[PDB]
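J.: Would you mind keeping the following structure in view while I ask a few things?
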Amino acid sequence: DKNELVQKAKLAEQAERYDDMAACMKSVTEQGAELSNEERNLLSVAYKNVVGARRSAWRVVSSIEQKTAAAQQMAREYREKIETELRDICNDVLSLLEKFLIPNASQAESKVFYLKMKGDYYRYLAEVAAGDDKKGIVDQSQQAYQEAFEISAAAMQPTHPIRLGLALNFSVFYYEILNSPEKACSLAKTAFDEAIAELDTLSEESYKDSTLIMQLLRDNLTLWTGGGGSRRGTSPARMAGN
Amino acid sequence: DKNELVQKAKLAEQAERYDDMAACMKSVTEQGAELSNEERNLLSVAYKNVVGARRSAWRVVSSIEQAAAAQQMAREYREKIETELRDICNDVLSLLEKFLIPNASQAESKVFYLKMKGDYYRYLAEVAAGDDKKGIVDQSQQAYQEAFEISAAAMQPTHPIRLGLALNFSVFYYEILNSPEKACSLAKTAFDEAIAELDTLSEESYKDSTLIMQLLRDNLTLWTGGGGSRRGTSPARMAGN
């Protein structure tokens, strides 16, 4: 039952049992009905955490590998184990998006959300890919983001958390996947300035959500222009509402 | 190979892959050789994190658990978490009974493992409710008492293991036995006996000891003075690398 799986997913989120949360939301998605905003946020949070554990572990192990021979081999083989899990996680999400979520999305908002998610999961694949395979992955990420960006540019107000979150993540893709920092800065700054210029369209209910992401844009711009900071930000999993 | 497993465990720790770390250290223990201090720390860290994820989730789900369908889902989720928690504790306790306690050739390692036995039965006592609770609590207390007597006879009051034992035994009295006076007494004595010999320590020994002495002091403050925060129990890595 759908309502039950959603309730179990919420409970799992509170317990920080993100594998359980992801299993619940994958089952919900596979029933083939369109997700509510709340259910999208549950799916997004679940997979962000499940993939994030591997992304974190990957950066640590990759760094250790580079720091150093038999030690270097162990670090390599452990990295590869983590990579296999990471690819499997990304493939699950991408399949859900291709098979169910994107083709059945009856609203532009949800379609943008999912096209952005497709860009994100291909981008996480691009973080670890090499050789002929990487080119294909990078092109998939870019195509998904570009389609999301065009739909959002005509459907959504500049203050819309999804539009902001997409701008943030697409900017990061330019910066670190394409190694295009000027383009990354231009995209982020444009999105920030358009939101400022159309603050009249930012509902009171959306203020907290939208301004959080405006802050992430600013902080990435501070980092990228030499004003300091920690690791660049990407979008929260829960961009708008509950 | 033991050296390889240990190197994999250290890598896992860096990655925060605690299931991997615990699998490595379980395999090491099962080869039947005594652990080094470093290996004990790896074992202890691995299982602290593996069980800890369940202890936190259990407290959240229990709290939420205070409509029929909703109540049942919460209960059944709690029970699933409890089953994982018991399975984790049973693995640890089995390793302790089969390999670590009977092979421990020094007082420090013997106390470390008897404390760990007390700890994992204590984690069982946090969730147990029925005929088996009495059994579980008695096992925790007996393991702690034996650790306490050995460490009182054989180890210096500044020893991070002796201090960590005092901390955890104090918490056992406070929250498992509902004996705050005794919990207080135990912690305060351990703190005071360590204060008297702090001048004797190296810089690195001072750091380790004072970290646990701070946890003792914080629990004493919390318990006598009041406060909302969660009491401290011992770090998994008490002394050294």
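The way I read the labels, and the way they are meant: chains A, B, ... in the order of the structure tokens, residue 1 as the first residue of every chain, and ligand 1 as the first ligand shown, with later ones counted on from there.
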Please list as a ChimeraX atom specification every residue within 8 Å of range 83-90 of chain B, counting only C-alpha atoms and excluding residues in the same chain fewer than 6 positions away.
T.: /B:47,50-51,54-55,120-121,123-124
J.: Could you please select, counting only C-alpha atoms, the residues of chain B within 9 Å of chain A and state them as number ranges by chain?
T.: B: 4, 7-8, 11-12, 14-17, 53-54, 56-61, 64, 69-70, 73-74, 77
J.: Mind checking which residues fall within 8 Å of residue 138 in chain A, counting only C-alpha atoms, ignoring those fewer than 5 positions away in the same chain, and posting them as an NGL selection string?
T.: :A and (122-123 or 126 or 177)
J.: Residues of the last selection are to be written out with N, CA and C atoms, as a compact mmCIF listing (two decimals), in the first residue's frame.
T.:
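Written output follows (again_36.txt):
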# COMPACT_ATOMS: atom_id res chain seq x y z
N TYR A 122 23.73 11.50 -12.96
CA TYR A 122 24.77 11.40 -13.98
C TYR A 122 26.01 12.19 -13.55
N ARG A 123 25.85 13.34 -12.89
CA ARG A 123 26.98 14.11 -12.38
C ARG A 123 27.78 13.35 -11.31
N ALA A 126 29.79 10.99 -13.10
CA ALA A 126 30.90 11.69 -13.75
C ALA A 126 32.04 11.98 -12.75
N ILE A 177 32.89 19.58 -13.31
CA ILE A 177 32.85 18.47 -14.26
C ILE A 177 33.42 18.92 -15.60
J.: Determine, counting only C-alpha atoms, which protein, DNA and RNA residues have an atom within 10 Å of an atom of residue 162 in chain B; residues of the same chain fewer than 2 positions away are not included. Present the result as a ChimeraX atom specification.
T.: /B:108,111-112,115,147-148,150-152,154-160,164-167,190,194,209,212,238
J.: If we count only C-alpha atoms and set the cut-off at 10 Å, which residues sit around residue 171 in chain A, ignoring sequence neighbours fewer than 6 positions away in its own chain? Please answer as JSON, numbers by chain.
T.: {"A": [165, 177, 180, 181, 182, 183, 184, 185, 186, 187, 188, 189, 191, 217, 220, 234]}
J.: May I have the residues within 9 Å of residue 21 in chain B as a list in words, using only C-alpha atoms and disregarding those fewer than 2 positions away in the same chain?
T.: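 Listed by chain and then number, they are residues 5, 6, 8, 9, 10, 11, 12, 13, 16, 17, 18, 19, 23, 24, 25, 26, 42, 43, 45, 46 and 47 of chain B.
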J.: Applying 12 Å and only C-alpha atoms, which residues near residue 142 in chain A remain after dropping the ones on its own chain fewer than 5 positions away? List them as an MDAnalysis selection string.
T.: chainID A and resid 115:123 126 135:137 147:149 166 169:174 177:178
J.: Apply DSSP to the structure's backbone, then extract all residues of range 16-193 of chain B labelled alpha helix (DSSP H) and return them as number ranges by chain.
T.: B: 18-30, 37-65, 68-95, 101-103, 107-125, 131-154, 160-171, 180-193
J.: To one decimal place in Å, what is the distance between CA of residue 183 in chain B and CA of residue 132 in chain B?
T.: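 So the answer is 23.7 Å.
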